[PDB]
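> Fold the following.
(one chain, ligands or ions: 3)
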Amino acid sequence: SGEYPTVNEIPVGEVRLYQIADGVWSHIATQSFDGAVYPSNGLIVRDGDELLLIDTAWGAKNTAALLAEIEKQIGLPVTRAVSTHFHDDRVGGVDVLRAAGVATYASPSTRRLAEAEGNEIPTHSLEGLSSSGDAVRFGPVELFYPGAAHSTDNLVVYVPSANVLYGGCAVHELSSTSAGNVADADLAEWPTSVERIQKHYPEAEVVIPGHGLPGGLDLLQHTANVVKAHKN
Ligand SMILES: C[C@H](Oc1ccc(CCN)cc1)c1cccc2c(-c3ccc(CS(C)(=O)=O)c(Cl)c3)c(C(=O)O)[nH]c12
Ligand SMILES: [Zn+2]
Ligand SMILES: [Zn+2]
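Numbers count the residues shown, from 1 in each chain. Ligands and ions are numbered 1, 2, ... in the order given. Next up is the structure itself:
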């Protein structure tokens, strides 16, 4: 009823949307992994009379449900999707998207890592993102590579019309007590990568983490703090 939806509020297989700003929604789904249930976020950005999707809903059936929820709530076609790193919460569902008319994109680094690890592989490569600090425009967003953090390939997304920063899994929510799944992370570089985000997007008004509740710019400093203490 208007609050940001939480993990025990979303059965696995259902998707909810949350209006962030004019023409900007997050999507929230839940998935089981290694016997625990987790929420995850993605983004939807209006692109004229089309939609740009950022990240899958963490699985084929969740992603089909996402497309149905978009049709119900928004009613514009998703024409393109960008996956912000190679993990299943970002690319699991790319095959569903590709069969539903959506052109799927990721950096070459993400595509190589997805292929090597046996995850679904976006079709199109996003060049111009291979060096930390790189930025490219993609429809109504800017894509930014901050450097290694949660993963070596992680991208963040800015919506300039709304000053919305989608941090993906490089950014944690304010209640986080650890740095999440750090198996592919660079804990030593992660604070430097967060500092790059802070420097590049100082006017962000909403910051959306990969998992959990949006907030403001404090999510960036909190993330740096938890990662440094995790490493400690
Ligand atoms: C989708 C992801 O798959 C994998 C990630 C890495 C590997 C290693 C080999 N390639 C394999 C699978 C995955 C699976 C299951 C969980 C996660 C979490 C997560 C997020 C928040 C919290 C709460 S918190 C900040 O307080 O710790 C926690 Cl515990 C975990 C994250 C993330 O951090 O982005 N990714 C998750
Ligand atoms: Zn991840
Ligand atoms: Zn994640």
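> Three-state assignment for the closest residue to ligand 1 within the chain, please.
Ligand 1 sits closest to residue 180 of the chain, with a gap of 2.2 Å, by CB to the nearest ligand atom. Where C-beta positions appear, they are placed from N, C-alpha and C, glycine not excepted. Look at residue 180: counting by DSSP: H, G, I helix; E, B strand; the rest coil, its state is coil.
> Tell me who's in contact with it.
Contacts for residue 180 were tallied using CB atoms under 8 Å, 6 or more residues apart in numbering; they are 150, 169, 172, 210, 211.
> Any figure for the gap between the fourth one and ligand 3?
What that stands for is residue 210. Separation of residue 210 from ligand 3 (CB to the ion, to the nearest Å) stands at 4 Å.
> give me every residue that touches that residue.
By CB under 8 Å, 6+ apart, residue 210 lies in contact with 40, 41, 84, 89, 150, 167, 168, 169, 170, 171, 172, 180.
> surely the first one meets residue 56?
No. When contacts are counted by CB atoms under 8 Å, residue 40 is not listed as touching residue 56 (9.1 Å).
> Let me see the contact set for the residue nearest the centre of the chain.
Closest to where the C-alpha atoms of the chain average out (CA atoms, centre = their mean) is residue 168, at 3.7 Å. Neighbour list for residue 168: 54, 55, 84, 85, 90, 150, 154, 155, 156, 157, 209, 210 [criterion: CB under 8 Å, 6+ apart].
> does the third one count as helix, strand or coil?
Assigned by three-state DSSP, the conformation of residue 84 is coil.
> I'd like the distance between it and residue 53.
Here the distance between residue 84 and residue 53 works out to 11 Å (CB to CB, to the nearest Å).
> out of these two, which sits in the busier spot?
Taking other CB atoms under 10 Å, residue 84 and residue 53 do not tie; residue 84 has more neighbours (29 against 26).
> can you count the residues close to the residue in the chain positioned nearest to ligand 2?
Residue of the chain nearest ligand 2, by CB to the ion: residue 87 (3.4 Å). By other CB under 10 Å, the residues close to residue 87 number 28.
> for it, what are its contacts?
Taking CB under 8 Å, 6+ apart as the test, what residue 87 contacts is 119, 151, 169, 181, 184.
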